[PDB]
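S.K.: Got upload29.cif for you, mmCIF, C-alpha atoms and all ligand atoms:
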```
data_coords
#
loop_
_atom_site.group_PDB
_atom_site.id
_atom_site.type_symbol
_atom_site.label_atom_id
_atom_site.label_comp_id
_atom_site.auth_asym_id
_atom_site.auth_seq_id
_atom_site.Cartn_x
_atom_site.Cartn_y
_atom_site.Cartn_z
ATOM 1 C CA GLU A 171 137.944 141.390 124.838
ATOM 2 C CA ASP A 172 138.016 137.987 123.092
ATOM 3 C CA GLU A 173 136.431 139.121 119.832
ATOM 4 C CA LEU A 174 136.802 135.793 118.055
ATOM 5 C CA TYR A 175 134.957 134.055 120.887
ATOM 6 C CA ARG A 176 132.170 136.636 121.039
ATOM 7 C CA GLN A 177 131.623 136.466 117.288
ATOM 8 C CA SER A 178 131.739 132.690 117.164
ATOM 9 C CA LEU A 179 129.119 132.440 119.923
ATOM 10 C CA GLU A 180 126.781 134.914 118.223
ATOM 11 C CA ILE A 181 126.980 133.059 114.908
ATOM 12 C CA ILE A 182 126.637 129.590 116.418
ATOM 13 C CA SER A 183 123.879 130.600 118.834
ATOM 14 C CA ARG A 184 121.795 132.276 116.136
ATOM 15 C CA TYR A 185 122.058 129.363 113.718
ATOM 16 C CA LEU A 186 121.151 126.803 116.370
ATOM 17 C CA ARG A 187 118.234 128.881 117.682
ATOM 18 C CA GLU A 188 117.021 129.572 114.141
ATOM 19 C CA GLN A 189 117.196 125.912 113.239
ATOM 20 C CA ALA A 190 115.238 124.910 116.320
ATOM 21 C CA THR A 191 112.502 127.536 116.103
ATOM 22 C CA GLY A 192 112.182 128.015 112.360
ATOM 23 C CA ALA A 193 112.352 131.780 112.832
ATOM 24 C CA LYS A 194 115.114 134.349 112.290
ATOM 25 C CA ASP A 195 116.347 136.588 115.110
ATOM 26 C CA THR A 196 115.810 140.133 113.845
ATOM 27 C CA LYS A 197 118.064 141.667 116.503
ATOM 28 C CA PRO A 198 121.083 143.509 115.121
ATOM 29 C CA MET A 199 124.425 141.698 115.175
ATOM 30 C CA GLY A 200 127.043 142.879 117.611
ATOM 31 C CA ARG A 201 130.574 143.665 116.471
ATOM 32 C CA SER A 202 131.657 142.500 112.980
ATOM 33 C CA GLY A 203 127.999 142.280 112.018
ATOM 34 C CA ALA A 204 128.523 142.327 108.252
ATOM 35 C CA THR A 205 130.768 139.253 108.456
ATOM 36 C CA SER A 206 128.545 137.489 110.977
ATOM 37 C CA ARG A 207 125.524 138.001 108.725
ATOM 38 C CA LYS A 208 127.350 136.445 105.775
ATOM 39 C CA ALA A 209 128.615 133.661 108.010
ATOM 40 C CA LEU A 210 125.016 132.927 109.003
ATOM 41 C CA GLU A 211 123.784 132.832 105.396
ATOM 42 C CA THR A 212 126.678 130.493 104.568
ATOM 43 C CA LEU A 213 125.618 128.178 107.408
ATOM 44 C CA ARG A 214 122.006 128.177 106.253
ATOM 45 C CA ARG A 215 123.204 127.079 102.830
ATOM 46 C CA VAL A 216 125.894 124.523 103.694
ATOM 47 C CA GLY A 217 124.867 123.584 107.189
ATOM 48 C CA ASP A 218 121.343 122.597 106.078
ATOM 49 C CA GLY A 219 122.792 120.505 103.260
ATOM 50 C CA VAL A 220 125.067 118.640 105.691
ATOM 51 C CA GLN A 221 122.185 117.600 107.943
ATOM 52 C CA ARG A 222 120.436 116.067 104.931
ATOM 53 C CA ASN A 223 123.429 114.425 103.257
ATOM 54 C CA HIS A 224 124.295 112.681 106.511
ATOM 55 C CA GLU A 225 120.812 112.393 108.004
ATOM 56 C CA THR A 226 121.108 108.679 108.764
ATOM 57 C CA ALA A 227 124.443 109.026 110.577
ATOM 58 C CA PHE A 228 123.184 112.133 112.371
ATOM 59 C CA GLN A 229 120.073 110.241 113.509
ATOM 60 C CA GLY A 230 122.275 107.384 114.649
ATOM 61 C CA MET A 231 124.637 109.517 116.716
ATOM 62 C CA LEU A 232 121.720 111.408 118.265
ATOM 63 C CA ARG A 233 120.244 108.069 119.310
ATOM 64 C CA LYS A 234 123.572 106.917 120.805
ATOM 65 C CA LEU A 235 123.821 110.115 122.816
ATOM 66 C CA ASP A 236 120.317 109.560 124.214
ATOM 67 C CA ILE A 237 119.655 113.157 125.249
ATOM 68 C CA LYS A 238 116.815 113.460 127.749
ATOM 69 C CA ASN A 239 117.870 116.299 130.069
ATOM 70 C CA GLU A 240 120.434 118.943 131.105
ATOM 71 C CA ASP A 241 122.949 116.447 132.447
ATOM 72 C CA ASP A 242 122.883 114.694 129.070
ATOM 73 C CA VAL A 243 123.425 118.074 127.425
ATOM 74 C CA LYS A 244 126.476 118.697 129.639
ATOM 75 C CA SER A 245 127.976 115.343 128.654
ATOM 76 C CA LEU A 246 128.210 116.500 125.036
ATOM 77 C CA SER A 247 131.367 118.550 125.669
ATOM 78 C CA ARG A 248 133.554 115.499 126.319
ATOM 79 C CA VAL A 249 132.216 113.853 123.168
ATOM 80 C CA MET A 250 132.876 116.952 121.003
ATOM 81 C CA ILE A 251 136.439 117.130 122.301
ATOM 82 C CA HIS A 252 136.927 113.408 121.633
ATOM 83 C CA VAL A 253 135.538 113.474 118.088
ATOM 84 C CA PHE A 254 136.130 117.003 116.745
ATOM 85 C CA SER A 255 139.176 118.330 118.560
ATOM 86 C CA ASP A 256 141.186 115.128 118.295
ATOM 87 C CA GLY A 257 141.497 115.267 114.529
ATOM 88 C CA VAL A 258 142.827 117.246 111.612
ATOM 89 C CA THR A 259 141.084 120.599 111.261
ATOM 90 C CA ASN A 260 139.344 121.844 108.108
ATOM 91 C CA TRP A 261 136.275 123.982 107.419
ATOM 92 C CA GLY A 262 134.236 120.885 106.602
ATOM 93 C CA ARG A 263 134.680 119.392 110.058
ATOM 94 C CA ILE A 264 133.862 122.727 111.671
ATOM 95 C CA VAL A 265 130.660 122.817 109.603
ATOM 96 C CA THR A 266 129.831 119.278 110.700
ATOM 97 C CA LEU A 267 130.442 120.238 114.342
ATOM 98 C CA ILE A 268 128.000 123.150 114.128
ATOM 99 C CA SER A 269 125.562 121.323 111.834
ATOM 100 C CA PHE A 270 125.174 118.402 114.209
ATOM 101 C CA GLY A 271 124.779 120.976 116.956
ATOM 102 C CA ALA A 272 121.795 122.375 115.088
ATOM 103 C CA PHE A 273 120.520 118.811 114.668
ATOM 104 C CA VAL A 274 120.697 118.439 118.424
ATOM 105 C CA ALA A 275 119.054 121.846 118.897
ATOM 106 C CA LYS A 276 116.025 120.669 116.920
ATOM 107 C CA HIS A 277 115.894 117.601 119.142
ATOM 108 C CA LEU A 278 115.947 119.692 122.304
ATOM 109 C CA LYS A 279 112.849 121.515 121.095
ATOM 110 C CA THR A 280 111.103 118.202 120.434
ATOM 111 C CA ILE A 281 111.625 117.176 124.050
ATOM 112 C CA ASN A 282 110.714 120.584 125.457
ATOM 113 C CA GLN A 283 114.255 121.409 126.630
ATOM 114 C CA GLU A 284 114.605 124.581 124.564
ATOM 115 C CA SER A 285 116.325 126.403 127.430
ATOM 116 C CA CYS A 286 119.327 124.133 126.806
ATOM 117 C CA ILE A 287 119.926 125.480 123.319
ATOM 118 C CA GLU A 288 121.976 128.530 124.320
ATOM 119 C CA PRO A 289 124.076 126.555 126.830
ATOM 120 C CA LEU A 290 124.663 124.051 124.002
ATOM 121 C CA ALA A 291 125.809 126.805 121.642
ATOM 122 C CA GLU A 292 128.189 128.001 124.356
ATOM 123 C CA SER A 293 129.628 124.502 124.710
ATOM 124 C CA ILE A 294 130.163 124.167 120.956
ATOM 125 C CA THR A 295 131.830 127.564 120.851
ATOM 126 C CA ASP A 296 134.179 126.606 123.687
ATOM 127 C CA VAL A 297 135.312 123.472 121.905
ATOM 128 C CA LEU A 298 135.781 125.262 118.595
ATOM 129 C CA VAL A 299 137.499 128.429 119.756
ATOM 130 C CA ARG A 300 139.413 127.181 122.768
ATOM 131 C CA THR A 301 140.926 124.104 121.090
ATOM 132 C CA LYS A 302 141.368 125.449 117.528
ATOM 133 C CA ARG A 303 142.171 129.157 117.928
ATOM 134 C CA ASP A 304 145.532 128.946 116.178
ATOM 135 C CA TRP A 305 144.006 127.262 113.135
ATOM 136 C CA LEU A 306 141.075 129.690 113.062
ATOM 137 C CA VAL A 307 143.350 132.717 113.266
ATOM 138 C CA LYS A 308 145.567 131.327 110.499
ATOM 139 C CA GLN A 309 142.516 130.771 108.274
ATOM 140 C CA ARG A 310 141.282 134.350 108.816
ATOM 141 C CA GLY A 311 138.485 133.382 111.192
ATOM 142 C CA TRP A 312 134.952 134.044 110.023
ATOM 143 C CA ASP A 313 136.053 136.215 107.090
ATOM 144 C CA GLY A 314 137.946 133.136 105.927
ATOM 145 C CA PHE A 315 134.887 130.947 106.534
ATOM 146 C CA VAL A 316 132.776 133.198 104.309
ATOM 147 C CA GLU A 317 135.462 133.353 101.610
ATOM 148 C CA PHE A 318 136.002 129.575 101.629
ATOM 149 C CA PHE A 319 132.367 128.783 100.807
ATOM 150 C CA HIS A 320 131.866 131.816 98.525
ATOM 151 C CA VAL A 321 129.375 131.312 95.676
HETATM 152 O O1 LIG B 401 132.985 113.308 110.940
HETATM 153 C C1 LIG B 401 133.376 114.427 111.216
HETATM 154 O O2 LIG B 401 134.226 115.037 110.443
HETATM 155 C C2 LIG B 401 132.904 115.101 112.395
HETATM 156 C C3 LIG B 401 133.393 116.414 112.724
HETATM 157 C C4 LIG B 401 132.876 117.054 113.856
HETATM 158 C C5 LIG B 401 131.893 116.411 114.661
HETATM 159 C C6 LIG B 401 131.408 115.119 114.337
HETATM 160 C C7 LIG B 401 131.956 114.501 113.184
HETATM 161 N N1 LIG B 401 130.416 114.469 115.073
HETATM 162 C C8 LIG B 401 130.027 113.071 114.835
HETATM 163 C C9 LIG B 401 129.103 112.900 113.635
HETATM 164 C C10 LIG B 401 128.714 111.437 113.312
HETATM 165 C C11 LIG B 401 127.308 111.943 112.956
HETATM 166 C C12 LIG B 401 127.600 113.266 113.681
HETATM 167 C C13 LIG B 401 129.461 115.247 115.912
HETATM 168 C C14 LIG B 401 130.129 115.639 117.243
HETATM 169 C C15 LIG B 401 130.383 114.325 118.020
HETATM 170 C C16 LIG B 401 129.166 113.837 118.863
HETATM 171 C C17 LIG B 401 128.747 114.944 119.847
HETATM 172 C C18 LIG B 401 128.531 116.288 119.218
HETATM 173 C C19 LIG B 401 127.674 117.194 119.840
HETATM 174 C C20 LIG B 401 127.434 118.421 119.247
HETATM 175 CL CL1 LIG B 401 126.322 119.500 120.041
HETATM 176 C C21 LIG B 401 128.021 118.812 118.045
HETATM 177 C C22 LIG B 401 128.886 117.917 117.418
HETATM 178 C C23 LIG B 401 129.182 116.622 117.967
HETATM 179 C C24 LIG B 401 131.500 116.313 116.954
HETATM 180 O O3 LIG B 401 131.477 117.114 115.780
#
```
Show how you would write the structure in this file as structure tokens.
M.R.:
Amino acid sequence: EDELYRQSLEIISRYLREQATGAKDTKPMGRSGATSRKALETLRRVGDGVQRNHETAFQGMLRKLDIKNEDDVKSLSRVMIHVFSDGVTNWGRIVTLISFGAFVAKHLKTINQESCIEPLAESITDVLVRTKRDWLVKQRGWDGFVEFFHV
């Protein structure tokens, strides 16, 4: 089974859901739990910082995207491919990708479209894993992510 995909989705989905609801998911992690847990703490530390350091730009992009419903949520995939995939890859850009995703997740809860959060996480995961697998594998996937941002 695609273990990198399954782990990426669990990490991305949990962070987005946690950001939108303000509550942690106490369910156990699936495979590679130890790493996923550390990846999630890393995201809470760096991801949260990103949303604040670039709050104005994030607010601006969100406005441009004008997300009001599911169709708008589905249009985000083309934009992620355009902006994220078509560029040099580094952990910072992957953190921005996921961090803005969490920014969007919070928005979805403000407009009572919370059911779109998991489909959004799936879309982010597709872009990340399906267009940057080689890079991710070379950088040791999530173990590498945790090591890169190690305190
Ligand atoms: O600058 C970078 O290194 C960079 C790297 C990645 C990245 C972005 C910028 N952007 C653009 C920025 C401007 C403020 C947010 C958000 C992005 C595009 C817009 C749709 C979208 C939708 C979702 Cl759910 C998540 C990410 C994205 C694509 O992920």
S.K.: Go through the shown structure with the PyMOL selection byres (((chain A and resi 254) around 9) and not hetatm) and write out the matching residues as a VMD selection string.
M.R.: chain A and resid 249 to 253 255 to 259 263 to 264 267 297 to 298
S.K.: Write the residues of the selection above to a file with C-alpha atoms, as a PDB file, in the frame of the given file.
M.R.:
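Contents of part_9.pdb, as written:
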```
ATOM      1  CA  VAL A 249     132.216 113.853 123.168  1.00  0.00           C
ATOM      2  CA  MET A 250     132.876 116.952 121.003  1.00  0.00           C
ATOM      3  CA  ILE A 251     136.439 117.130 122.301  1.00  0.00           C
ATOM      4  CA  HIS A 252     136.927 113.408 121.633  1.00  0.00           C
ATOM      5  CA  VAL A 253     135.538 113.474 118.088  1.00  0.00           C
ATOM      6  CA  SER A 255     139.176 118.330 118.560  1.00  0.00           C
ATOM      7  CA  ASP A 256     141.186 115.128 118.295  1.00  0.00           C
ATOM      8  CA  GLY A 257     141.497 115.267 114.529  1.00  0.00           C
ATOM      9  CA  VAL A 258     142.827 117.246 111.612  1.00  0.00           C
ATOM     10  CA  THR A 259     141.084 120.599 111.261  1.00  0.00           C
ATOM     11  CA  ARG A 263     134.680 119.392 110.058  1.00  0.00           C
ATOM     12  CA  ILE A 264     133.862 122.727 111.671  1.00  0.00           C
ATOM     13  CA  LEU A 267     130.442 120.238 114.342  1.00  0.00           C
ATOM     14  CA  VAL A 297     135.312 123.472 121.905  1.00  0.00           C
ATOM     15  CA  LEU A 298     135.781 125.262 118.595  1.00  0.00           C
TER      16      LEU A 298
END
```
S.K.: Return the single residue from A:176, A:224, A:201, A:277 that is closest to ligand LIG 401 (chain B), with distances computed using all atoms listed in the file.
M.R.: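 Among the listed residues, A:224 lies closest to ligand LIG 401 (chain B).
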S.K.: Quick one: of A:239, A:266, A:301, A:280, who's nearest to ligand LIG 401 (chain B), counting all atoms listed in the file?
M.R.: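 Among the listed residues, A:266 lies closest to ligand LIG 401 (chain B).
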S.K.: Given only C-alpha atoms as the basis, pick out the residue of A:278, A:299, A:193, A:237 nearest to residue A:177.
M.R.: A:299
S.K.: Enter the distance from atom CA of residue A:273 to atom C15 of ligand LIG 401 (chain B), in Å, rounded to one decimal.
M.R.: 11.3 Å
S.K.: What lies within 10 Å of residue A:290 using all atoms listed in the file, ignoring chain neighbours under 4 positions off, as a ChimeraX atom specification?
M.R.: /A:182-183,186,240,243-244,246-247,271-272,274-275,278,285-286,294-296
S.K.: Which is closest to residue A:284 among A:190, A:321, A:199, A:268, if we use only C-alpha atoms?
M.R.: A:190
S.K.: For residue A:211, please output as a ChimeraX atom specification all residues within 12 Å (counting all atoms listed in the file; exclusion window: fewer than 3 positions along the same chain).
M.R.: /A:181-182,184-185,188,194,204-208,214-218,315-316,319-321
S.K.: Between atom CA of residue A:230 and atom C10 of ligand LIG 401 (chain B), what is the distance in Å, rounded to a tenth?
M.R.: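 Computing the Euclidean distance for atom CA of residue A:230 and atom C10 of ligand LIG 401 (chain B) yields 7.7 Å.
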S.K.: The centre and edge lengths of an axis-aligned box containing all atoms of ligand LIG 401 (chain B) present in the file, extended by 6 Å on each side, are to be given in Å to one decimal, as lines of an AutoDock Vina configuration file.
M.R.:
```
center_x = 130.3
center_y = 115.5
center_z = 115.2
size_x = 19.9
size_y = 20.1
size_z = 21.6
```
S.K.: Just to confirm, what's the straight-line distance from atom CA of residue A:229 to atom CA of residue A:262 in Å (one decimal)?
M.R.: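 Taking atom CA of residue A:229 as the start and atom CA of residue A:262 as the end point, the length is 19.0 Å.
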S.K.: I'd like to know which of A:300, A:248, A:238, A:197 is closest to ligand LIG 401 (chain B), using all atoms listed in the file.
M.R.: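 Using all atoms listed in the file, ligand LIG 401 (chain B) sits closest to A:248.
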S.K.: Missing atoms in stretch 248-271 of chain A should be modelled up to N, CA and C atoms and reported as a short mmCIF file (atom, residue, chain, number, x, y, z; two decimals), in the frame of the given file.
M.R.:
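Saved file out20.cif follows:
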```cif
data_model
loop_
_atom_site.label_atom_id
_atom_site.label_comp_id
_atom_site.auth_asym_id
_atom_site.auth_seq_id
_atom_site.Cartn_x
_atom_site.Cartn_y
_atom_site.Cartn_z
N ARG A 248 132.51 116.52 126.40
CA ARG A 248 133.55 115.50 126.32
C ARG A 248 133.54 114.80 124.97
N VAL A 249 132.35 114.52 124.45
CA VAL A 249 132.22 113.85 123.17
C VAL A 249 132.71 114.75 122.02
N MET A 250 132.40 116.05 122.06
CA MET A 250 132.88 116.95 121.00
C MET A 250 134.39 117.04 121.00
N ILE A 251 134.99 117.04 122.19
CA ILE A 251 136.44 117.13 122.30
C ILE A 251 137.07 115.85 121.74
N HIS A 252 136.46 114.71 122.08
CA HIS A 252 136.93 113.41 121.63
C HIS A 252 136.88 113.28 120.12
N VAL A 253 135.74 113.60 119.54
CA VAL A 253 135.54 113.47 118.09
C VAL A 253 136.03 114.61 117.20
N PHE A 254 135.72 115.85 117.56
CA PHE A 254 136.13 117.00 116.74
C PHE A 254 137.55 117.50 117.00
N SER A 255 137.86 117.81 118.25
CA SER A 255 139.18 118.33 118.56
C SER A 255 140.32 117.39 118.24
N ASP A 256 140.14 116.11 118.54
CA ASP A 256 141.19 115.13 118.30
C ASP A 256 141.19 114.66 116.84
N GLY A 257 141.45 115.58 115.94
CA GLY A 257 141.50 115.27 114.53
C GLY A 257 142.04 116.43 113.74
N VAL A 258 142.30 116.20 112.46
CA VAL A 258 142.83 117.25 111.61
C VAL A 258 141.72 118.28 111.45
N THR A 259 142.08 119.55 111.39
CA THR A 259 141.08 120.60 111.26
C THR A 259 140.91 121.12 109.84
N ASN A 260 139.66 121.27 109.42
CA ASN A 260 139.34 121.84 108.11
C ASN A 260 137.94 122.44 108.22
N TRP A 261 137.59 123.36 107.33
CA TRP A 261 136.28 123.98 107.42
C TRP A 261 135.11 123.00 107.39
N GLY A 262 135.29 121.88 106.69
CA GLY A 262 134.24 120.88 106.60
C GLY A 262 133.90 120.31 107.96
N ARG A 263 134.92 119.95 108.74
CA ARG A 263 134.68 119.39 110.06
C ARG A 263 134.07 120.44 111.00
N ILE A 264 134.43 121.70 110.82
CA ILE A 264 133.86 122.73 111.67
C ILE A 264 132.38 122.88 111.30
N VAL A 265 132.06 122.71 110.01
CA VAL A 265 130.66 122.82 109.60
C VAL A 265 129.89 121.62 110.14
N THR A 266 130.52 120.44 110.17
CA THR A 266 129.83 119.28 110.70
C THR A 266 129.57 119.47 112.20
N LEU A 267 130.57 119.99 112.91
CA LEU A 267 130.44 120.24 114.34
C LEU A 267 129.21 121.10 114.63
N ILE A 268 129.10 122.22 113.92
CA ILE A 268 128.00 123.15 114.13
C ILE A 268 126.69 122.59 113.57
N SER A 269 126.76 121.90 112.44
CA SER A 269 125.56 121.32 111.83
C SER A 269 124.93 120.25 112.72
N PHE A 270 125.75 119.41 113.34
CA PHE A 270 125.17 118.40 114.21
C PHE A 270 124.63 119.10 115.44
N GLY A 271 125.26 120.21 115.82
CA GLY A 271 124.78 120.98 116.96
C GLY A 271 123.36 121.47 116.69
#
```
